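A.B. asks: Contents of input.cif (mmCIF, C-alpha atoms) are below:
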```
data_input
#
loop_
_atom_site.group_PDB
_atom_site.id
_atom_site.type_symbol
_atom_site.label_atom_id
_atom_site.label_comp_id
_atom_site.auth_asym_id
_atom_site.auth_seq_id
_atom_site.Cartn_x
_atom_site.Cartn_y
_atom_site.Cartn_z
ATOM 1 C CA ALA A 1 83.978 125.657 105.121
ATOM 2 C CA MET A 2 83.166 122.011 104.370
ATOM 3 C CA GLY A 3 84.279 120.692 100.995
ATOM 4 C CA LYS A 4 86.370 117.530 101.224
ATOM 5 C CA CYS A 5 86.322 116.385 97.573
ATOM 6 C CA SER A 6 83.238 118.453 96.729
ATOM 7 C CA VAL A 7 81.870 119.862 93.457
ATOM 8 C CA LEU A 8 82.969 122.736 91.132
ATOM 9 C CA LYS A 9 86.686 122.296 91.891
ATOM 10 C CA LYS A 10 86.298 118.634 90.952
ATOM 11 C CA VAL A 11 87.781 119.573 87.580
ATOM 12 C CA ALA A 12 91.153 119.668 89.372
ATOM 13 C CA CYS A 13 91.134 115.964 88.559
ATOM 14 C CA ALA A 14 93.560 116.647 85.703
ATOM 15 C CA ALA A 15 96.230 117.363 88.326
ATOM 16 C CA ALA A 16 96.024 115.116 91.382
ATOM 17 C CA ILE A 17 94.315 112.253 89.562
ATOM 18 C CA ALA A 18 96.584 112.712 86.574
ATOM 19 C CA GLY A 19 99.612 112.284 88.814
ATOM 20 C CA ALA A 20 98.055 109.450 90.782
ATOM 21 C CA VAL A 21 97.224 107.679 87.546
ATOM 22 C CA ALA A 22 100.894 107.700 86.532
ATOM 23 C CA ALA A 23 101.612 105.860 89.785
ATOM 24 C CA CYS A 24 99.908 102.709 88.508
ATOM 25 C CA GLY A 25 100.565 102.374 84.779
ATOM 26 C CA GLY A 26 97.842 104.800 83.790
ATOM 27 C CA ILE A 27 94.033 104.811 84.024
ATOM 28 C CA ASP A 28 93.092 102.734 86.955
ATOM 29 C CA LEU A 29 90.808 103.145 89.911
ATOM 30 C CA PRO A 30 91.237 100.164 92.335
ATOM 31 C CA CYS A 31 94.973 100.757 92.491
ATOM 32 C CA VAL A 32 94.971 104.535 91.984
ATOM 33 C CA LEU A 33 92.373 104.878 94.788
ATOM 34 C CA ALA A 34 95.258 104.845 97.295
ATOM 35 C CA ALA A 35 96.343 108.307 96.130
ATOM 36 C CA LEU A 36 92.822 109.389 95.189
ATOM 37 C CA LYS A 37 91.777 109.896 98.803
ATOM 38 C CA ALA A 38 93.884 113.067 99.075
ATOM 39 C CA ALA A 39 92.915 116.764 98.988
ATOM 40 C CA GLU A 40 89.687 118.043 97.435
ATOM 41 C CA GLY A 41 90.234 117.625 93.697
ATOM 42 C CA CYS A 42 88.474 114.380 92.825
ATOM 43 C CA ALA A 43 84.701 113.727 92.840
ATOM 44 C CA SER A 44 82.567 113.056 89.769
ATOM 45 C CA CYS A 45 85.426 113.792 87.371
ATOM 46 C CA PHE A 46 87.206 110.492 87.743
ATOM 47 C CA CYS A 47 84.895 107.931 89.338
ATOM 48 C CA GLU A 48 81.992 109.187 87.219
ATOM 49 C CA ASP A 49 81.827 106.472 84.575
ATOM 50 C CA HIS A 50 83.995 104.404 86.908
ATOM 51 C CA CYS A 51 81.386 103.779 89.598
ATOM 52 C CA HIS A 52 81.699 100.052 90.269
ATOM 53 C CA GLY A 53 83.502 99.421 93.541
ATOM 54 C CA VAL A 54 86.654 100.886 95.175
ATOM 55 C CA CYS A 55 85.903 104.598 94.562
ATOM 56 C CA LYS A 56 82.119 104.228 94.635
ATOM 57 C CA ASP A 57 82.654 102.601 98.042
ATOM 58 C CA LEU A 58 83.714 106.023 99.335
ATOM 59 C CA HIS A 59 80.972 107.659 97.234
ATOM 60 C CA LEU A 60 82.676 109.900 94.675
ATOM 61 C CA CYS A 61 79.956 109.758 92.028
ATOM 62 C CA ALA B 62 97.392 68.122 94.175
ATOM 63 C CA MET B 63 99.005 71.378 95.280
ATOM 64 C CA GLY B 64 97.425 73.716 92.753
ATOM 65 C CA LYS B 65 94.792 76.166 93.950
ATOM 66 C CA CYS B 66 93.754 78.621 91.206
ATOM 67 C CA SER B 67 96.442 77.264 88.879
ATOM 68 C CA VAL B 68 96.869 77.283 85.095
ATOM 69 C CA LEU B 69 94.696 74.283 84.188
ATOM 70 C CA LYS B 70 91.398 74.777 85.946
ATOM 71 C CA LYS B 71 91.396 78.128 84.174
ATOM 72 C CA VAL B 72 88.366 77.038 82.157
ATOM 73 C CA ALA B 73 86.347 77.110 85.397
ATOM 74 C CA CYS B 74 86.513 80.916 85.289
ATOM 75 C CA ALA B 75 83.063 80.912 83.689
ATOM 76 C CA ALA B 76 81.639 80.342 87.178
ATOM 77 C CA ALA B 77 83.468 82.812 89.435
ATOM 78 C CA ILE B 78 84.490 85.471 86.897
ATOM 79 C CA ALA B 79 81.253 85.337 84.921
ATOM 80 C CA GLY B 80 79.326 85.026 88.167
ATOM 81 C CA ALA B 81 80.915 88.017 89.869
ATOM 82 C CA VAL B 82 79.621 90.099 86.966
ATOM 83 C CA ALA B 83 75.974 89.718 87.968
ATOM 84 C CA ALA B 84 77.022 89.982 91.623
ATOM 85 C CA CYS B 85 78.227 93.581 91.259
ATOM 86 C CA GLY B 86 75.898 94.549 88.410
ATOM 87 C CA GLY B 87 78.522 94.680 85.684
ATOM 88 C CA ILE B 88 81.916 93.481 84.507
ATOM 89 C CA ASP B 89 85.166 95.284 85.315
ATOM 90 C CA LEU B 90 87.521 94.415 88.189
ATOM 91 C CA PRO B 91 87.398 97.012 91.086
ATOM 92 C CA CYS B 92 84.367 95.259 92.584
ATOM 93 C CA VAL B 93 84.561 91.959 90.711
ATOM 94 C CA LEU B 94 87.527 90.946 92.903
ATOM 95 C CA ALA B 95 85.200 90.245 95.858
ATOM 96 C CA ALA B 96 83.433 87.265 94.276
ATOM 97 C CA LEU B 97 86.622 86.306 92.439
ATOM 98 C CA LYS B 98 87.995 84.448 95.461
ATOM 99 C CA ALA B 99 85.482 81.605 95.338
ATOM 100 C CA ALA B 100 88.008 78.914 96.301
ATOM 101 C CA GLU B 101 89.525 78.991 92.818
ATOM 102 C CA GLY B 102 88.302 78.962 89.218
ATOM 103 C CA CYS B 103 90.371 82.037 88.438
ATOM 104 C CA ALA B 104 93.815 81.370 86.921
ATOM 105 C CA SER B 105 94.945 82.868 83.603
ATOM 106 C CA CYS B 106 91.368 83.797 82.731
ATOM 107 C CA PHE B 107 91.506 86.908 84.812
ATOM 108 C CA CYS B 108 94.427 89.163 85.655
ATOM 109 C CA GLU B 109 96.085 88.149 82.344
ATOM 110 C CA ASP B 110 95.929 91.271 80.196
ATOM 111 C CA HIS B 111 93.826 92.713 83.006
ATOM 112 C CA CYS B 112 96.693 92.888 85.511
ATOM 113 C CA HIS B 113 96.185 96.559 86.312
ATOM 114 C CA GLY B 114 93.692 96.999 89.149
ATOM 115 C CA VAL B 115 92.985 94.731 92.139
ATOM 116 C CA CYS B 116 93.944 91.817 89.858
ATOM 117 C CA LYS B 117 97.629 92.424 90.595
ATOM 118 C CA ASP B 118 96.838 93.219 94.223
ATOM 119 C CA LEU B 119 95.464 89.715 94.639
ATOM 120 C CA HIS B 120 98.430 88.303 92.691
ATOM 121 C CA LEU B 121 97.229 86.016 89.928
ATOM 122 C CA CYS B 122 99.462 87.001 87.011
#
```
Mind turning this structure into structure tokens?
C.D. replies:
Amino acid sequence: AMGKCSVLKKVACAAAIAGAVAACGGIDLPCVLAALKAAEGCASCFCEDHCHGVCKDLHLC
Amino acid sequence: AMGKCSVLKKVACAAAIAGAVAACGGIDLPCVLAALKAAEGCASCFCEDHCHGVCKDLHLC
């Protein structure tokens, strides 16, 4: 029902995030955030150790 | 002179760049950008080799 960027399927990070990462050099959050707010395959897989601003602002960790 | 945040007053980065660290808890960039625009005191001290995240967004390098 409700699961916009929820848990369990957050391991799908190695797909959407992997492709979004290649859109900004590789391994970024402030810049990659633009394509990070799409679908439900993010969460505490990417912005886990990266919980400073941009992504943490939307609460993904 | 006409040089806001130019390559000279780069040494003054110890105030805005080192200050933004304590402002957002730690050092990085995603959230450090906020207190980075403190008039100036930025220059080639930030965004140099760190021109990946918001550092390129707020063109400095």
A.B. asks: Any idea which chain A residues end up within 8 Å of chain B if we count only C-alpha atoms, as a PDB file with C-alpha atoms, keeping the file's coordinate frame please?
C.D. replies:
```pdb
ATOM      1  CA  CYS A  24      99.908 102.709  88.508  1.00  0.00           C
ATOM      2  CA  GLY A  25     100.565 102.374  84.779  1.00  0.00           C
ATOM      3  CA  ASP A  28      93.092 102.734  86.955  1.00  0.00           C
ATOM      4  CA  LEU A  29      90.808 103.145  89.911  1.00  0.00           C
ATOM      5  CA  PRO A  30      91.237 100.164  92.335  1.00  0.00           C
ATOM      6  CA  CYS A  31      94.973 100.757  92.491  1.00  0.00           C
ATOM      7  CA  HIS A  52      81.699 100.052  90.269  1.00  0.00           C
ATOM      8  CA  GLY A  53      83.502  99.421  93.541  1.00  0.00           C
ATOM      9  CA  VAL A  54      86.654 100.886  95.175  1.00  0.00           C
TER      10      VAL A  54
END
```
A.B. asks: Extract, using all atoms listed in the file, all DNA, RNA and protein residues at most 9 Å from residue 60 of chain A, discarding same-chain residues fewer than 3 positions from it, and format them as a VMD selection string.
C.D. replies: chain A and resid 5 to 6 42 to 48 51 55 to 57
A.B. asks: Which of these residues is nearest to residue 7 of chain A, using all atoms listed in the file: A:19, A:49, A:40, A:35?
C.D. replies: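 Checking each candidate against residue 7 of chain A, we get A:40 as the closest.
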A.B. asks: For atom CA of residue 122 of chain B and atom CA of residue 50 of chain A, determine how far apart the two atoms are, in Å to one decimal place.
C.D. replies: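 Computing it gives 23.3 Å between the two atoms.
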A.B. asks: Which residue gives the smallest distance to residue 119 of chain B among B:83, B:97, B:75, B:63, with all atoms listed in the file counted?
C.D. replies: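 Residue with the minimum atom-to-atom distance to residue 119 of chain B: B:97.
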A.B. asks: Between atom CA of residue 13 of chain A and atom CA of residue 37 of chain A, what is the distance, to one decimal in Å?
C.D. replies: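 Interatomic distance here is 11.9 Å.
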A.B. asks: Once chain B sits on chain A after a least-squares Cα superposition, all atoms in order, what's the RMSD?
C.D. replies: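 Result of the CA superposition: 1.2 Å.
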A.B. asks: Which value, in Å to one decimal, gives the distance between atom CA of residue 84 of chain B and atom CA of residue 69 of chain B?
C.D. replies: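 Those two atoms sit 24.8 Å apart.
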